[PDB]
file model_19.cif (mmCIF, C-alpha atoms (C1' of nucleotides))
data_entry
loop_
_atom_site.label_atom_id
_atom_site.label_comp_id
_atom_site.auth_asym_id
_atom_site.auth_seq_id
_atom_site.Cartn_x
_atom_site.Cartn_y
_atom_site.Cartn_z
CA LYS T 181 15.83 -6.32 -2.24
CA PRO T 182 15.38 -3.11 -4.16
CA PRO T 183 16.01 0.05 -2.12
CA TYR T 184 12.65 1.75 -2.67
CA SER T 185 9.81 2.41 -0.24
CA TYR T 186 6.45 0.88 -1.14
CA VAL T 187 5.15 4.43 -1.66
CA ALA T 188 8.04 5.03 -4.05
CA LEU T 189 7.26 1.82 -5.99
CA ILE T 190 3.64 2.79 -6.42
CA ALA T 191 4.66 6.30 -7.47
CA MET T 192 7.23 4.96 -9.88
CA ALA T 193 4.68 2.49 -11.37
CA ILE T 194 2.12 5.31 -11.89
CA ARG T 195 4.60 7.74 -13.53
CA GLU T 196 6.07 5.23 -16.04
CA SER T 197 2.45 4.37 -16.82
CA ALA T 198 1.07 5.66 -20.07
CA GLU T 199 -2.06 7.50 -18.80
CA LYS T 200 -0.23 8.62 -15.59
CA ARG T 201 -2.69 6.22 -13.88
CA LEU T 202 -2.79 2.49 -13.12
CA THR T 203 -5.15 -0.21 -12.03
CA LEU T 204 -3.99 -2.18 -9.00
CA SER T 205 -2.77 -5.09 -11.10
CA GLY T 206 -0.88 -2.52 -13.19
CA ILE T 207 1.13 -1.50 -10.14
CA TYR T 208 1.68 -5.16 -9.29
CA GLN T 209 2.91 -6.10 -12.76
CA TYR T 210 5.22 -3.09 -12.97
CA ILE T 211 6.80 -4.02 -9.65
CA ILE T 212 7.07 -7.73 -10.51
CA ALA T 213 8.62 -7.14 -13.96
CA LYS T 214 11.03 -4.34 -12.87
CA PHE T 215 12.22 -6.28 -9.78
CA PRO T 216 12.23 -10.10 -9.77
CA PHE T 217 12.79 -9.77 -6.02
CA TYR T 218 9.03 -9.15 -5.64
CA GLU T 219 8.31 -12.34 -7.63
CA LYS T 220 8.43 -14.22 -4.29
CA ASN T 221 5.86 -13.83 -1.46
CA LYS T 222 3.36 -11.81 -3.48
CA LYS T 223 0.64 -12.06 -0.82
CA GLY T 224 2.62 -10.14 1.85
CA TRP T 225 4.01 -7.25 -0.15
CA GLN T 226 0.79 -6.85 -2.18
CA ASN T 227 -1.02 -6.41 1.15
CA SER T 228 1.61 -3.75 2.03
CA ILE T 229 0.86 -2.16 -1.37
CA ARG T 230 -2.89 -2.01 -0.72
CA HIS T 231 -2.23 -0.66 2.77
CA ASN T 232 0.02 2.07 1.37
CA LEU T 233 -2.37 2.85 -1.49
CA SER T 234 -5.38 3.25 0.79
CA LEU T 235 -3.62 4.98 3.69
CA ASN T 236 -1.41 7.50 1.85
CA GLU T 237 -3.37 10.55 0.70
CA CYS T 238 -0.79 11.37 -2.00
CA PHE T 239 -2.47 8.61 -4.02
CA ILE T 240 -5.94 9.32 -5.45
CA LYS T 241 -8.57 6.81 -6.70
CA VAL T 242 -9.98 7.40 -10.23
CA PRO T 243 -13.08 5.33 -11.29
CA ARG T 244 -13.86 4.47 -14.93
CA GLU T 245 -15.47 7.12 -17.18
CA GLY T 246 -19.12 7.64 -16.27
CA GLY T 247 -20.24 4.06 -15.58
CA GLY T 248 -17.30 1.81 -16.60
CA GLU T 249 -17.88 -0.32 -13.44
CA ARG T 250 -14.78 -2.52 -13.55
CA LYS T 251 -13.18 -4.70 -10.81
CA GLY T 252 -11.22 -1.77 -9.35
CA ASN T 253 -10.66 1.88 -10.12
CA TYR T 254 -7.55 3.47 -11.50
CA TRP T 255 -4.91 4.99 -9.20
CA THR T 256 -3.15 8.32 -9.84
CA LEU T 257 -0.80 10.78 -8.19
CA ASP T 258 -1.80 13.99 -6.45
CA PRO T 259 -0.69 17.14 -8.32
CA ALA T 260 1.02 18.34 -5.11
CA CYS T 261 2.86 15.21 -3.99
CA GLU T 262 4.24 14.48 -7.50
CA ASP T 263 6.84 17.18 -6.84
CA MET T 264 8.36 14.72 -4.36
CA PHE T 265 10.64 12.38 -6.33
CA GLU T 266 11.64 8.77 -5.65
"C1'" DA Z 1 -13.87 -20.34 -3.26
"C1'" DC Z 2 -11.20 -14.56 -4.85
"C1'" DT Z 3 -9.92 -9.34 -5.78
"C1'" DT Z 4 -9.95 -5.05 -4.02
"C1'" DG Z 5 -10.15 -1.69 -0.52
"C1'" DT Z 6 -10.31 0.12 4.31
"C1'" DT Z 7 -8.81 0.08 8.62
"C1'" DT Z 8 -6.47 -1.39 13.13
"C1'" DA Z 9 -2.47 -3.04 15.68
"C1'" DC Z 10 1.80 -3.70 16.45
"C1'" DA Z 11 7.08 -3.70 15.28
"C1'" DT Z 12 11.07 -1.29 13.34
"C1'" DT Z 13 13.72 2.68 11.76
"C1'" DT Z 14 15.67 7.22 11.54
"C1'" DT Z 15 16.94 11.63 12.73
"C1'" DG Z 16 15.57 17.08 16.00
"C1'" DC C 1 13.53 10.43 25.33
"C1'" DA C 2 9.07 10.21 22.05
"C1'" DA C 3 7.74 10.89 16.77
"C1'" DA C 4 7.12 10.23 12.37
"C1'" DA C 5 7.86 7.30 8.52
"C1'" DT C 6 7.55 2.81 7.27
"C1'" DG C 7 6.92 -2.34 7.37
"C1'" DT C 8 4.07 -6.29 8.39
"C1'" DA C 9 0.01 -8.86 9.69
"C1'" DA C 10 -4.67 -9.30 9.88
"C1'" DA C 11 -9.69 -8.79 10.32
"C1'" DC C 12 -13.35 -7.38 7.57
"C1'" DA C 13 -16.70 -5.45 3.87
"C1'" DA C 14 -18.07 -4.73 -0.66
"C1'" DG C 15 -18.08 -6.54 -5.29
"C1'" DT C 16 -19.18 -9.88 -12.42
#

call {"tool": "encode", "arguments": {"input": "model_19.cif", "output": "structure tokens"}}
result
Amino acid sequence: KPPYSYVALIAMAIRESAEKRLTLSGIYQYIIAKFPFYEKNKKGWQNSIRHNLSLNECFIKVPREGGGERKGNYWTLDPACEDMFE
DNA sequence: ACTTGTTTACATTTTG
DNA sequence: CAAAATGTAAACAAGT
């Protein structure tokens, strides 16, 4: 098991991201590629990821431009919590 | 059928 | 000795 908190994995997925933002499935793919450990039991840890993403205010939800209206929004970091490293 | 998102509830962990 | 951070499970609502 990798030694990172779920909040750290989301943060790390968003920073390595191009646009410094990520859809949900972007976070998932980053975590699943980077660590094959999270290839097993996706349902449980992806619930923990949604729980952390919703509950932690350091993460901010960014919709599409104007009316993009896609399946989810993007996710980004807060310009105050990004000082905290992983 | 599912994905996404919010929230509650409870268990575990980690140091003043 | 709670407390705060964190993990896990789960019920539930809104959405081409």

call {"tool": "resolve_selection", "arguments": {"input": "model_19.cif", "expression": "the PyMOL selection byres ((chain T) within 10 of (chain Z))", "output": "list in words"}}
result
residues 204, 205, 230, 231, 233, 234, 235, 251, 252 and 253 of chain T

call {"tool": "write_last_selection", "arguments": {"input": "model_19.cif", "atoms": "C-alpha atoms", "output": "mmCIF file, in the coordinates of the input"}}
result
data_model
loop_
_atom_site.group_PDB
_atom_site.id
_atom_site.type_symbol
_atom_site.label_atom_id
_atom_site.label_comp_id
_atom_site.auth_asym_id
_atom_site.auth_seq_id
_atom_site.Cartn_x
_atom_site.Cartn_y
_atom_site.Cartn_z
ATOM 1 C CA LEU T 204 -3.990 -2.180 -9.000
ATOM 2 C CA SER T 205 -2.770 -5.090 -11.100
ATOM 3 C CA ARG T 230 -2.890 -2.010 -0.720
ATOM 4 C CA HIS T 231 -2.230 -0.660 2.770
ATOM 5 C CA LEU T 233 -2.370 2.850 -1.490
ATOM 6 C CA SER T 234 -5.380 3.250 0.790
ATOM 7 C CA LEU T 235 -3.620 4.980 3.690
ATOM 8 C CA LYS T 251 -13.180 -4.700 -10.810
ATOM 9 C CA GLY T 252 -11.220 -1.770 -9.350
ATOM 10 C CA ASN T 253 -10.660 1.880 -10.120
#

call {"tool": "closest_atom_pairs", "arguments": {"input": "model_19.cif", "of": "chain T", "to": "segment 2-15 of chain C", "cutoff": "8 Å", "atoms": "all atoms listed in the file", "output": "CSV"}}
result
residue,atom,partner,partner_atom,distance
T:185,CA,C:6,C1',7.9
T:224,CA,C:8,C1',7.7
T:228,CA,C:8,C1',7.3
T:251,CA,C:15,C1',7.6

call {"tool": "atom_distance", "arguments": {"input": "model_19.cif", "atom1": "atom CA of residue 182 of chain T", "atom2": "atom CA of residue 215 of chain T"}}
result
7.2 Å

call {"tool": "atom_distance", "arguments": {"input": "model_19.cif", "atom1": "atom CA of residue 191 of chain T", "atom2": "atom CA of residue 248 of chain T"}}
result
24.2 Å

call {"tool": "closest_residue", "arguments": {"input": "model_19.cif", "among": "T:232, T:197, T:209, T:203", "to": "chain C", "atoms": "only C-alpha atoms (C1' of nucleotides)"}}
result
T:232

call {"tool": "atom_distance", "arguments": {"input": "model_19.cif", "atom1": "atom CA of residue 218 of chain T", "atom2": "atom CA of residue 195 of chain T"}}
result
19.2 Å

call {"tool": "closest_residue", "arguments": {"input": "model_19.cif", "among": "T:223, T:262, T:244, T:216", "to": "chain C", "atoms": "only C-alpha atoms (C1' of nucleotides)"}}
result
T:223

call {"tool": "closest_residue", "arguments": {"input": "model_19.cif", "among": "T:249, T:189, T:208, T:200", "to": "chain C", "atoms": "all atoms listed in the file"}}
result
T:249

call {"tool": "closest_residue", "arguments": {"input": "model_19.cif", "among": "T:193, T:217, T:212, T:226", "to": "chain C", "atoms": "all atoms listed in the file"}}
result
T:226

call {"tool": "residues_around", "arguments": {"input": "model_19.cif", "residues": "residue 255 of chain T", "least_positions_apart": "4", "cutoff": "6 Å", "atoms": "all atoms listed in the file", "output": "NGL selection string"}}
result
:T and (201-203 or 240-242)

call {"tool": "axis_aligned_box", "arguments": {"input": "model_19.cif", "around": "segment 9-12 of chain Z", "padding_each_side": "5 Å", "output": "JSON"}}
result
{"center_x": 4.3, "center_y": -2.5, "center_z": 14.9, "size_x": 23.5, "size_y": 12.4, "size_z": 13.1}

call {"tool": "closest_residue", "arguments": {"input": "model_19.cif", "among": "T:227, T:265, T:239, T:199", "to": "residue 184 of chain T", "atoms": "all atoms listed in the file"}}
result
T:265
